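Asks: Have a look at this one.
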Amino acid sequence: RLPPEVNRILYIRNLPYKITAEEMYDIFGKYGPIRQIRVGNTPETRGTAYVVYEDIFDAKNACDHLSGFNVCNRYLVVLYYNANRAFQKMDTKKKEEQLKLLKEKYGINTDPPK
Amino acid sequence: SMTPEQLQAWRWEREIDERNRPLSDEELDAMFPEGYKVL
């Protein structure tokens with residue numbers, strides 16, 4: 001029984017640059033079957049990632065437990081995915097089009113984070 | 001026949017089936033801004 005903002009996709013910030021695929025699976029996979037992980041690999045995205053769970057209840061669990069999580073000298077910031085936030089970096093026009101397309105086609109919530 | 005509260009439980013059930021529904025890679029790929037590598 002769970003809040004509308006919870007989601008299988010977790011956005012992660014303050015991630016060490018050196019972190020390996022195996023370590024990502026280790027850390028996140030503890031809470032259950034991982035669908036896929038995407039790690040930022042450009043100047044503007046490094047230090048961030050999206051982790052995707054197969055099941056939403058595992059994702060709630062990971063999200064409840066992993067924010068503030070110490071790996072290396074760092075404390076991870078982990079948030080539920082939010083399309084509005086996710087497409088921030090697009091200029092005012094393109095963001096509007098992209099959001100309208102995901103809502104039309106997939107029915108995803110398109111408002112900014114609650 | 002389901003009382004008001006167990007109808008709510010039934011609706012919660014339907015709601016999460018939709019929120020826990022399997023996603024294609026195409027659904028998934030569209031969720032994402034540039035600059036990420038798939039592990």
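Each chain in the structure tokens gets a letter, A, B and so on, in the order shown; residues start at 1 in every chain, and ligands are counted from 1 in the order they appear.
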Tell me which protein, DNA and RNA residues are within 9 Å of residue 59 in chain A, counting only C-alpha atoms, leaving out same-chain ones fewer than 2 positions away, and put them as a ChimeraX atom specification.
Replies: /A:6-10,31-32,52-57,61-64,80
Asks: Could you write those residues out with N, CA, C and O atoms, as a PDB file, in the first residue's frame?
Replies:
ATOM      1  N   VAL A   6       6.247   6.995  -5.362  1.00  0.00           N
ATOM      2  CA  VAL A   6       7.092   5.807  -5.469  1.00  0.00           C
ATOM      3  C   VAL A   6       7.004   5.153  -6.840  1.00  0.00           C
ATOM      4  O   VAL A   6       5.987   5.247  -7.522  1.00  0.00           O
ATOM      5  N   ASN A   7       8.108   4.532  -7.244  1.00  0.00           N
ATOM      6  CA  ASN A   7       8.376   4.234  -8.635  1.00  0.00           C
ATOM      7  C   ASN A   7       9.520   3.212  -8.755  1.00  0.00           C
ATOM      8  O   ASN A   7      10.421   3.224  -7.947  1.00  0.00           O
ATOM      9  N   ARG A   8       9.524   2.339  -9.766  1.00  0.00           N
ATOM     10  CA  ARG A   8      10.642   1.389  -9.877  1.00  0.00           C
ATOM     11  C   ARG A   8      11.972   2.022 -10.218  1.00  0.00           C
ATOM     12  O   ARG A   8      13.002   1.369 -10.075  1.00  0.00           O
ATOM     13  N   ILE A   9      11.952   3.267 -10.691  1.00  0.00           N
ATOM     14  CA  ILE A   9      13.173   3.936 -11.150  1.00  0.00           C
ATOM     15  C   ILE A   9      13.697   4.879 -10.088  1.00  0.00           C
ATOM     16  O   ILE A   9      12.966   5.764  -9.629  1.00  0.00           O
ATOM     17  N   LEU A  10      14.953   4.690  -9.689  1.00  0.00           N
ATOM     18  CA  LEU A  10      15.546   5.539  -8.669  1.00  0.00           C
ATOM     19  C   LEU A  10      16.594   6.427  -9.334  1.00  0.00           C
ATOM     20  O   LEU A  10      17.412   5.929 -10.122  1.00  0.00           O
ATOM     21  N   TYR A  31      18.256  -5.242  -2.634  1.00  0.00           N
ATOM     22  CA  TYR A  31      16.841  -5.055  -2.354  1.00  0.00           C
ATOM     23  C   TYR A  31      15.937  -5.811  -3.338  1.00  0.00           C
ATOM     24  O   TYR A  31      14.732  -5.837  -3.171  1.00  0.00           O
ATOM     25  N   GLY A  32      16.550  -6.415  -4.357  1.00  0.00           N
ATOM     26  CA  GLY A  32      15.868  -7.340  -5.281  1.00  0.00           C
ATOM     27  C   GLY A  32      16.255  -7.166  -6.750  1.00  0.00           C
ATOM     28  O   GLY A  32      16.990  -6.233  -7.090  1.00  0.00           O
ATOM     29  N   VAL A  52      17.002   0.845 -11.953  1.00  0.00           N
ATOM     30  CA  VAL A  52      15.666   0.366 -12.249  1.00  0.00           C
ATOM     31  C   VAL A  52      15.452  -1.021 -11.647  1.00  0.00           C
ATOM     32  O   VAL A  52      16.170  -1.984 -11.979  1.00  0.00           O
ATOM     33  N   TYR A  53      14.433  -1.139 -10.809  1.00  0.00           N
ATOM     34  CA  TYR A  53      14.043  -2.430 -10.253  1.00  0.00           C
ATOM     35  C   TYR A  53      12.968  -3.056 -11.101  1.00  0.00           C
ATOM     36  O   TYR A  53      12.196  -2.334 -11.742  1.00  0.00           O
ATOM     37  N   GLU A  54      12.925  -4.398 -11.105  1.00  0.00           N
ATOM     38  CA  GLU A  54      11.812  -5.174 -11.693  1.00  0.00           C
ATOM     39  C   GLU A  54      10.509  -4.964 -10.941  1.00  0.00           C
ATOM     40  O   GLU A  54       9.430  -4.962 -11.567  1.00  0.00           O
ATOM     41  N   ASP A  55      10.580  -4.784  -9.615  1.00  0.00           N
ATOM     42  CA  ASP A  55       9.375  -4.746  -8.793  1.00  0.00           C
ATOM     43  C   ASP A  55       9.340  -3.507  -7.924  1.00  0.00           C
ATOM     44  O   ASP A  55      10.320  -3.175  -7.248  1.00  0.00           O
ATOM     45  N   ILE A  56       8.191  -2.840  -7.895  1.00  0.00           N
ATOM     46  CA  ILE A  56       8.065  -1.548  -7.196  1.00  0.00           C
ATOM     47  C   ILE A  56       8.263  -1.626  -5.663  1.00  0.00           C
ATOM     48  O   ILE A  56       8.674  -0.650  -5.019  1.00  0.00           O
ATOM     49  N   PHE A  57       7.962  -2.774  -5.068  1.00  0.00           N
ATOM     50  CA  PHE A  57       8.098  -2.950  -3.627  1.00  0.00           C
ATOM     51  C   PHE A  57       9.551  -3.083  -3.228  1.00  0.00           C
ATOM     52  O   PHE A  57       9.935  -2.640  -2.147  1.00  0.00           O
ATOM     53  N   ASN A  61      11.683  -0.236  -0.934  1.00  0.00           N
ATOM     54  CA  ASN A  61      12.622  -0.736   0.052  1.00  0.00           C
ATOM     55  C   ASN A  61      14.033  -0.178  -0.103  1.00  0.00           C
ATOM     56  O   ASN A  61      14.642   0.283   0.866  1.00  0.00           O
ATOM     57  N   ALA A  62      14.550  -0.206  -1.325  1.00  0.00           N
ATOM     58  CA  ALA A  62      15.868   0.364  -1.581  1.00  0.00           C
ATOM     59  C   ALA A  62      15.900   1.868  -1.311  1.00  0.00           C
ATOM     60  O   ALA A  62      16.836   2.390  -0.675  1.00  0.00           O
ATOM     61  N   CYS A  63      14.878   2.554  -1.815  1.00  0.00           N
ATOM     62  CA  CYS A  63      14.771   3.973  -1.627  1.00  0.00           C
ATOM     63  C   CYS A  63      14.673   4.339  -0.146  1.00  0.00           C
ATOM     64  O   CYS A  63      15.325   5.265   0.278  1.00  0.00           O
ATOM     65  N   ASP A  64      13.874   3.610   0.629  1.00  0.00           N
ATOM     66  CA  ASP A  64      13.799   3.863   2.070  1.00  0.00           C
ATOM     67  C   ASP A  64      15.138   3.664   2.761  1.00  0.00           C
ATOM     68  O   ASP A  64      15.431   4.356   3.732  1.00  0.00           O
ATOM     69  N   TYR A  80      13.138   8.965  -5.919  1.00  0.00           N
ATOM     70  CA  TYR A  80      12.283   8.369  -6.926  1.00  0.00           C
ATOM     71  C   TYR A  80      12.387   9.145  -8.198  1.00  0.00           C
ATOM     72  O   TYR A  80      12.447  10.386  -8.192  1.00  0.00           O
TER      73      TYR A  80
END
Asks: If you run DSSP on the backbone, which residues of range 9-74 of chain A are strand (DSSP E), as a PyMOL selection string?
Replies: chain A and resi 9-13+34-40+48-53+70-71+74
Asks: Can you spit out the residues from that selection as a PDB file, in the first residue's frame, using C-alpha atoms?
Replies:
ATOM      1  CA  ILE A   9      13.173   3.936 -11.150  1.00  0.00           C
ATOM      2  CA  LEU A  10      15.546   5.539  -8.669  1.00  0.00           C
ATOM      3  CA  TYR A  11      17.628   8.597  -9.474  1.00  0.00           C
ATOM      4  CA  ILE A  12      20.990   8.629  -7.673  1.00  0.00           C
ATOM      5  CA  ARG A  13      23.264  11.602  -7.052  1.00  0.00           C
ATOM      6  CA  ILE A  34      17.577  -5.243 -10.947  1.00  0.00           C
ATOM      7  CA  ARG A  35      16.064  -4.420 -14.308  1.00  0.00           C
ATOM      8  CA  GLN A  36      18.886  -2.141 -15.539  1.00  0.00           C
ATOM      9  CA  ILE A  37      21.313   0.509 -14.367  1.00  0.00           C
ATOM     10  CA  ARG A  38      22.415   3.585 -16.310  1.00  0.00           C
ATOM     11  CA  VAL A  39      25.431   5.563 -15.135  1.00  0.00           C
ATOM     12  CA  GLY A  40      26.157   9.148 -16.167  1.00  0.00           C
ATOM     13  CA  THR A  48      24.646  10.369 -11.151  1.00  0.00           C
ATOM     14  CA  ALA A  49      22.714   7.281 -12.271  1.00  0.00           C
ATOM     15  CA  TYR A  50      19.261   5.750 -12.736  1.00  0.00           C
ATOM     16  CA  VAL A  51      18.668   2.394 -11.099  1.00  0.00           C
ATOM     17  CA  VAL A  52      15.666   0.366 -12.249  1.00  0.00           C
ATOM     18  CA  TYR A  53      14.043  -2.430 -10.253  1.00  0.00           C
ATOM     19  CA  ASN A  70      27.964   5.549   2.740  1.00  0.00           C
ATOM     20  CA  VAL A  71      30.103   4.338  -0.151  1.00  0.00           C
ATOM     21  CA  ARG A  74      30.389   9.860   0.065  1.00  0.00           C
TER      22      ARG A  74
END
Asks: Tell me which protein, DNA and RNA residues are within 9 Å of residue 106 in chain A, counting only C-alpha atoms, leaving out same-chain ones fewer than 4 positions away, and put them as a PyMOL selection string.
Replies: (chain A and resi 101-102) or (chain B and resi 27)
Asks: Give as number ranges by chain every residue of chain B that touches chain A within 6 Å, counting only C-alpha atoms.
Replies: B: 20, 33, 35-39
Asks: Which of these, A:18, A:97, A:26, A:3, has the shortest distance to residue 15 in chain B once you count only C-alpha atoms?
Replies: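 Answer, going by the shortest atom-to-atom distance: A:3.
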Asks: Please report the interatomic distance between CA of residue 16 in chain A and CA of residue 29 in chain B in Å with one decimal.
Replies: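 Interatomic distance, CA of residue 16 in chain A to CA of residue 29 in chain B: 23.9 Å.
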Asks: By how many Å are CA of residue 85 in chain A and CA of residue 31 in chain B apart?
Replies: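 Separating CA of residue 85 in chain A from CA of residue 31 in chain B is a distance of 11.1 Å.
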Asks: Give the alpha helix (DSSP H) residues of chain A, as assigned by DSSP on the backbone, as number ranges by chain.
Replies: A: 21-29, 56-66, 83-86, 92-106
Asks: Take the residues from that selection and put them in a file with N, CA and C atoms, as a compact mmCIF listing (two decimals), in the first residue's frame.
Replies:
# COMPACT_ATOMS: atom_id res chain seq x y z
N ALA A 21 30.43 -1.40 -12.36
CA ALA A 21 29.14 -2.06 -12.61
C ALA A 21 28.82 -3.07 -11.53
N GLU A 22 29.82 -3.85 -11.13
CA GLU A 22 29.62 -4.89 -10.12
C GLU A 22 29.23 -4.29 -8.78
N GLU A 23 29.86 -3.17 -8.44
CA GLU A 23 29.56 -2.52 -7.17
C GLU A 23 28.17 -1.94 -7.20
N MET A 24 27.77 -1.35 -8.33
CA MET A 24 26.41 -0.84 -8.45
C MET A 24 25.40 -1.98 -8.20
N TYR A 25 25.59 -3.12 -8.87
CA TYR A 25 24.67 -4.25 -8.69
C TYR A 25 24.66 -4.77 -7.25
N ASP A 26 25.86 -4.91 -6.68
CA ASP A 26 26.05 -5.21 -5.26
C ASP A 26 25.17 -4.31 -4.38
N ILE A 27 25.38 -3.00 -4.47
CA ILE A 27 24.70 -2.03 -3.60
C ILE A 27 23.17 -2.06 -3.79
N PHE A 28 22.73 -1.85 -5.03
CA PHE A 28 21.32 -1.76 -5.34
C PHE A 28 20.59 -3.09 -5.40
N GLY A 29 21.31 -4.15 -5.75
CA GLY A 29 20.70 -5.45 -6.02
C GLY A 29 20.32 -6.15 -4.76
N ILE A 56 8.19 -2.84 -7.90
CA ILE A 56 8.06 -1.55 -7.20
C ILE A 56 8.26 -1.63 -5.66
N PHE A 57 7.96 -2.77 -5.07
CA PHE A 57 8.10 -2.95 -3.63
C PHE A 57 9.55 -3.08 -3.23
N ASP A 58 10.36 -3.69 -4.10
CA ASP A 58 11.80 -3.70 -3.90
C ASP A 58 12.29 -2.28 -4.02
N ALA A 59 11.84 -1.56 -5.05
CA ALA A 59 12.30 -0.17 -5.19
C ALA A 59 11.94 0.70 -3.97
N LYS A 60 10.75 0.53 -3.39
CA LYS A 60 10.42 1.35 -2.21
C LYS A 60 11.42 1.06 -1.11
N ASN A 61 11.68 -0.24 -0.93
CA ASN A 61 12.62 -0.74 0.05
C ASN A 61 14.03 -0.18 -0.10
N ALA A 62 14.55 -0.21 -1.32
CA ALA A 62 15.87 0.36 -1.58
C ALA A 62 15.90 1.87 -1.31
N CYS A 63 14.88 2.55 -1.81
CA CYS A 63 14.77 3.97 -1.63
C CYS A 63 14.67 4.34 -0.15
N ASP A 64 13.87 3.61 0.63
CA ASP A 64 13.80 3.86 2.07
C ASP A 64 15.14 3.66 2.76
N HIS A 65 15.95 2.73 2.26
CA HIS A 65 17.17 2.34 2.98
C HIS A 65 18.48 2.93 2.51
N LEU A 66 18.56 3.33 1.24
CA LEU A 66 19.85 3.71 0.64
C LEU A 66 20.16 5.21 0.62
N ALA A 83 9.77 12.44 -14.14
CA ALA A 83 10.08 12.81 -15.53
C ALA A 83 10.44 14.27 -15.66
N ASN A 84 9.77 15.13 -14.87
CA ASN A 84 9.97 16.58 -14.98
C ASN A 84 11.40 16.87 -14.61
N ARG A 85 11.78 16.41 -13.43
CA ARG A 85 13.13 16.59 -13.02
C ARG A 85 14.06 15.98 -14.08
N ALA A 86 13.78 14.76 -14.50
CA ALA A 86 14.69 14.02 -15.41
C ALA A 86 15.05 14.78 -16.70
N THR A 92 13.39 25.48 -22.37
CA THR A 92 11.97 25.50 -22.00
C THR A 92 11.01 24.81 -23.01
N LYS A 93 11.29 24.99 -24.30
CA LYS A 93 10.47 24.44 -25.38
C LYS A 93 10.54 22.92 -25.48
N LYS A 94 11.76 22.39 -25.60
CA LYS A 94 11.98 20.96 -25.86
C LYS A 94 11.49 20.09 -24.72
N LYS A 95 11.61 20.61 -23.51
CA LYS A 95 11.18 19.91 -22.30
C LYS A 95 9.67 19.71 -22.33
N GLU A 96 8.96 20.74 -22.78
CA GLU A 96 7.51 20.70 -22.88
C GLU A 96 7.02 19.63 -23.87
N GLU A 97 7.68 19.56 -25.03
CA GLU A 97 7.37 18.58 -26.06
C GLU A 97 7.66 17.17 -25.57
N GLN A 98 8.88 16.96 -25.10
CA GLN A 98 9.27 15.67 -24.55
C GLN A 98 8.31 15.17 -23.45
N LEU A 99 7.87 16.05 -22.56
CA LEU A 99 6.99 15.65 -21.47
C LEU A 99 5.59 15.27 -21.98
N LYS A 100 5.07 16.09 -22.88
CA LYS A 100 3.80 15.83 -23.54
C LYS A 100 3.79 14.48 -24.27
N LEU A 101 4.92 14.11 -24.87
CA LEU A 101 5.05 12.83 -25.58
C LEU A 101 5.01 11.60 -24.64
N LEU A 102 5.71 11.68 -23.51
CA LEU A 102 5.69 10.61 -22.49
C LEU A 102 4.35 10.45 -21.78
N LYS A 103 3.59 11.54 -21.70
CA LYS A 103 2.29 11.52 -21.05
C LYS A 103 1.28 10.92 -22.02
N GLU A 104 1.31 11.41 -23.25
CA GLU A 104 0.40 10.95 -24.29
C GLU A 104 0.55 9.45 -24.48
N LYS A 105 1.79 9.04 -24.72
CA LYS A 105 2.13 7.68 -25.13
C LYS A 105 2.16 6.67 -23.96
N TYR A 106 2.65 7.10 -22.79
CA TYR A 106 2.84 6.21 -21.64
C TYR A 106 2.03 6.53 -20.38
Asks: Need the shell around residue 76 in chain A: protein/DNA/RNA residues with any atom at most 6 Å away, counting only C-alpha atoms. Skip same-chain ones fewer than 5 positions apart. Format as a compact mmCIF listing (two decimals) with C-alpha atoms, in the first residue's frame?
Replies:
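Once written, around-v8.txt looks like this:
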# COMPACT_ATOMS: atom_id res chain seq x y z
CA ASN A 14 26.69 11.95 -5.30
CA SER A 67 19.56 7.50 0.94
CA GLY A 68 22.42 8.73 3.08
CA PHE A 69 24.20 5.44 2.21
